[PDB]
Every structure is written in structure tokens, then in C-alpha cells.
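Commentary on secondary and tertiary structure
Spelled out from the first residue to the last, the chains are:
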Amino acid sequence: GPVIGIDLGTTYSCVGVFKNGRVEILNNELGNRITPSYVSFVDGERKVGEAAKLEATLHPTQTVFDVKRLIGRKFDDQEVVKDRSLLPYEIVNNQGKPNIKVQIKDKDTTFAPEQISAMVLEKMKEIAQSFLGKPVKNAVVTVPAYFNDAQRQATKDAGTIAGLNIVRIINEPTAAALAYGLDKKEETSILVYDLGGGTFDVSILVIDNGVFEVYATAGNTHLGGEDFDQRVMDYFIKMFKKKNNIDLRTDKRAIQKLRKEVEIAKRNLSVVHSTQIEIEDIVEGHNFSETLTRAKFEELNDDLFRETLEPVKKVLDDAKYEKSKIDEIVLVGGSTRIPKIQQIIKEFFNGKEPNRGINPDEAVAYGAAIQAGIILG
Ligand SMILES: N#Cc1ccc(COC[C@H]2O[C@@H](n3c(NCc4ccc(Cl)c(Cl)c4)nc4c(N)ncnc43)[C@H](O)[C@@H]2O)cc1
């Protein structure tokens, strides 16, 4: 039967199939190749993906996301304590493990992380089933290289709930290396720099005659594109207050509209130097109309961009590597499209040019689908 490839990310998932010798990254029911990893429990309905994410503004306690931060961890882990103080939905201690508590028709309902991740996996399964016109029972699913056995098993258990046998767990750096087709012959050391919406991971991957080994990994669990958007949000909220005596934070719908336009503006500024951020009646009778330049975008985020080098230094130090010891730099995650990110990486490595894909958001799912193809022969 078919084996599909799923990137189960922190902020999103992505599903690919291997069919007639080509990988096809599949569109969800809204036409998007990336699906936000959100699940909403509002008014007796359960939504998964973009429709769930839209519930977060008005139903923040009922809109579950970032469950990958909890999966296979313990409630008292330092990282989980920090995530409970950041996340707006209730997290409870179930026999030492974090569980998610929501209401369904007013009833308290408690889910293991893998039950929420299963709902994401079921949606990816259904996309694949509709496209292949046949049932899917098997998948390759990606994990972070730093995932321990409990985190990998909880991910497999998410698959089993979704009716997917996870025939192989591959780490995200290996998935990237397969996607970019890095030559498997002889020995190659690769720096995989993965800057997503919520998280930053960097790994040293060694490929030795077809055998992939991650020699070192480091990152920042709370550094991604969402943080760069928030820096912009913060600035324009201060400016709108200075000019108009309106604090946009007092209206959650206004903040939601601004965040959508700021995200688009950031993406524009990876290509152009100046963009307009425009919302008619951001509150009643008050338009939002601003210009953001690439220079000001960079100025607002310079410290966060340069923070990404701290984990790069750590993996080189952990592996006892010279910068020169790295043979190729590979970028994954949509945030690696920011020109300043590529410049800083290039300059840290004493001029060396990074390799970057053209669809860096899909590279991991693409490699998972390649691994599916490899397993079927
Ligand atoms: N929840 C959720 C969710 C929604 C979209 C994405 C994809 O992006 C991961 C990160 O990558 C960032 N990013 C992206 N990602 C591309 C992208 C954005 C939205 C969708 Cl639906 C898809 Cl097909 C792809 N492009 C960027 C660009 N041109 N310049 C700077 N940052 C860019 C994006 O802003 C985000 O922070 C990830 C998760």
C-alpha cells in the first residue's frame, strides 16, 4: 500500500506523496501546502488547521497549538513549565505528564499531546487519501534530531491513533539532506540551519557512504518568524498610539487584522525594499496606513537574527569542528528567505555561501516523501 511523508512541525504540518517517480507536496482543502498545527474546540465543533487558528483571537483557551512542545515530556520539565506560562489553553499534570484541558459543549475534556497531534496527522492522511484515491495506513514522519525515545514513541502513538503505522521516524536534518539530494557517496559534513515560524534548530549532519548521522544539535525553542512579526507589531502599535491616541492592544480583532498584514509585509520585504501595511477601519473610523522598509524591519530584529549564531557556535564547539570543516550549508524554514539571515550566515562562515532551497518550508516533508519512496523500492 502507499507510504506518505509528513513533516509534523511545531507551527505547521506538510504532507507529500511519492507517485510516478516524483514527490508531490499536497494542498489542503483551502489550497495551501502548509497547514497550521491548530485544533479548536468551540461551540461543539472541532476544527483543524487554518479554520482552528482563526478561532484563537476570540477563543484563546479553546484553540490548541504548539503541542509538539509538550509531546513526550514531563509536566515539571523546565521547558514545559516555561511553555505553560506562555500558552493560553490549560495544561494539567496527568501522572507527571502534560495534558491539554478544553471544553466541548461546556464539558471539561483532557487530551494527551499525541491525541491532538493525531488530529493533525488524520487531516494530513485525508489529504493524501483524496489525492491518491485510496486508503493510507503507513507514513514516514519527521522529528527533531534532539527528540528522545519518549518524544519519538509519543509521535508514533499519535500515528497509531490517526490510523497511521509510522514505518520510519527520520530526523529533520536527514529529511532536508534527502530533499536537497546531498550526494550520499564519500563523506560530507552539512550544517542544517532550520529557522521556522516558532523555533530555530541547527545540526551538523555527516553523510558517510549513504549513512546519515547528526553529530551535534543546538537551537532556540522560542525564536522564529512569529517573533520577527511581533517586533514589527510592537513598533507600529507604539506609533499608532503616538499619532492617534489609540492603543490597538485594547481591541483583539484590530491586533488580529494587523498581524495578518504585518506577516505579508515581512514576506514582501524579502523581495522589495518598501511595502505598505493597510487596514481600513482597523477600529471603526480609523484606518491603518504605514510604510515599512527592509532597513527598519532589519533594525527591529537585528538582535534576534544575530541570536541564531549562538547555537551555530555551540554545534561547531560540541563537534570540535572548525568553520572550514563544514562542506555545505543548507537552509530550511520560510524564515531563511530573509536576506539579512543569509548574509549573517555567509559572513559567520568567513564568506562561504549558504545553499538555500526555493521552497524551504516544504523541504522536510519532501525528504520524508523521498524516504517513503526509498522504503518501498
Ligand atoms: N501556524 C502557522 C503557519 C503559517 C505559515 C507558515 C510558513 O512559514 C514558516 C515561517 O516562514 C516565514 N516566511 C515564509 N513562509 C512561506 C509561507 C507563508 C504562508 C504559507 Cl500558507 C505558505 Cl504555503 C508559505 N516566507 C517568508 C518570506 N518570504 N520572508 C520571510 N519570512 C518568510 C513565515 O512568515 C513564517 O514565520 C508556518 C506556519
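Structure determination for this PDB entry is given in the record as X-ray crystallography, at a resolution of 1.75 Å.

Spatially, three strands are ordered β6-β5-β7 in an open sheet, and the strand pairing comes out antiparallel. This sheet does not close on itself; its edge strands, each paired only once, are β6 (45-48) and β7 (63-64). Two elements, strand β5 (residues 39-42) and β6, share four bridges in a ladder whose sense is antiparallel. Residue pairing in the sheet places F41 in a bridge with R46 of β6.

It is worth spelling out the nonpolar core at this point. Core analysis: the largest hydrophobic core is formed by 49 residues, its most contacted members being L191, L248 and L258. The biggest single contributor to this core is helix α6 (residues 225-244), with six residues. For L248, the residues in contact, after removing those within four places along its chain, are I237, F240, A254, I255, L258, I282 and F288. Core analysis: the next-biggest nonpolar cluster, separate from the first, contains 44 residues, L26, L132, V141 and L164 among them.

Bringing the packing of aromatic side chains into the picture now. Think of a pair of aromatic rings as described by two things: how far the centres are apart, and how the planes are tilted against each other in angle. In the structure shown here, the tally under the stated rule is 11 aromatic pairs. Ring geometry for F236 and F288: centres 5.9 Å apart, planes at 80°, overall edge-to-face. Pair noted here: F236 is in helix α6 and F288 is in strand β17 (residues 286-293), with a separation of 52 residues, a long-range link. As far as the burial class goes, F236 and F288 line up, both buried. Between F240 and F288, the ring centres sit 5.6 Å apart and the planes meet at 20°, which makes this aromatic pair stacked. With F240 in helix α6 and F288 in strand β17, this pair connects stretches of sequence that are 48 residues apart. Each member of the pair, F240 together with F288, is buried. A connected cluster of aromatic rings, assembled from ring pairs, spans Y235, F236, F240 and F288. For the cation-ring pair, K296 lies above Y235, with the distance from its terminal atom to the ring centre recorded as 4.3 Å. Note that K323 overlies the ring of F348, its terminal NZ or CZ placed 4.1 Å from the centroid.

Right, let's talk about helix α7 (residues 252-268) for a bit. Here α7 spans 25 Å end to end across 17 residues, near enough to the 24 Å set by a 1.5 Å rise per residue. All buried positions along α7 are accounted for by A254, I255, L258, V262, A265 and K266. Projected down its long axis, α7 carries its buried residues within an arc of 95°, all on one side. Those residues of α7 that are buried are in contact with α6, β16 (274-283), β17 and α8 (294-307). Where α7 begins, one side-chain oxygen reaches toward the backbone nitrogen of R253, 3.0 Å away; that side chain belongs to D251.

Turning to the side chain of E114, a few remarks are in order. Relative to the helices and strands, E114 resides in helix α3 (residues 113-132). In this structure, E114 is buried with no salt-bridge partner, the nearest side chain bearing the opposite charge being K97 at 6.2 Å. Among all residues touching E114, those that are not within four sequence positions of it are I71, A154, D157, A158 and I161.

Next up on the list: unusual backbone geometry. We note that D43 has phi near 55°; this positive angle belongs to a residue other than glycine. Secondary-structure assignment places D43 in the loop between β5 and β6. Taking relative accessible area as the criterion, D43 reaches 71% and is therefore assigned exposed. With a phi angle near 50°, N350 is a residue other than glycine that sits in the positive phi range. Topologically, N350 is positioned in the loop between α10 (339-348) and β19 (355-356). In this structure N350 comes out as exposed when scored by relative accessible area, which is 67%.

A few words now on the site of the ligand. The local shell around the ligand holds 18 residues, among which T11, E263, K266, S270 and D361 are the closest. With respect to the ligand, the backbone of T11 contributes an N or O atom lying 3.1 Å from a nitrogen atom. Side-chain polar atom of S270 to a nitrogen atom of the ligand: 2.7 Å apart, as the coordinates give it. In isolation the ligand offers 720 Å² of accessible surface; the protein chains occlude 84% of this area. Looking at the shell around the ligand, the elements with two or more residues in it are α6 and α7. Residue contributions to the shell around the ligand peak at three residues, all from α7. Counted by class, the shell around the ligand contains five nonpolar, six polar and seven charged residues.

Attention now moves to the sheet that holds strand β14 (residues 200-208). If you walk across this open sheet you meet the five strands as β15-β14-β13-β18-β19, and the pairing is mixed. Looking at the sheet topology across the chains shown, the edges are occupied by β15 (211-220) and β19. Summarising the sheet, β14 and β15 pair through nine bridges and their orientation is antiparallel. Along β15, the bridge assignment pairs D201 with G219.

What counts, and at which threshold
Residues numbered from 1 in each chain as written, not as in the entry; some residues may be left out. Heavy atoms only, no water. Pairing = 2+ DSSP bridges. Helix = DSSP H or I, 4+ residues; strand = E, 2+ residues; numbered from the N terminus. Core = buried A, V, L, I, M, F, W, Y, C linked by side-chain atoms within 4.5 Å. Buried < 20%, exposed > 50% of the residue type's maximum accessible area, 1.4 Å probe, protein only. Contact = heavy atoms within 4.5 Å. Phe/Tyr/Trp six-rings, centres within 6.5 Å; stacked < 30°, edge-to-face > 60°. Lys NZ or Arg CZ within 6 Å of the ring centre and 35° of its normal. Expected span 1.5 Å × (residues − 1). Arc of directions from axis to C-beta. Polar contact = N/O pair within 3.5 Å; in protein donor to acceptor, adjacent residues only side chain to side chain. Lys, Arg positive; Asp, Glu negative; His and termini not counted. Salt bridge = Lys/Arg side-chain N within 4 Å of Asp/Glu carboxyl O. Near = heavy atom within 4 Å. Areas by Shrake-Rupley, 256 points an atom, 1.4 Å probe, with all protein chains shown as cover. Nonpolar A, V, L, I, M, F, W, Y, C, P; charged D, E, K, R; others polar.

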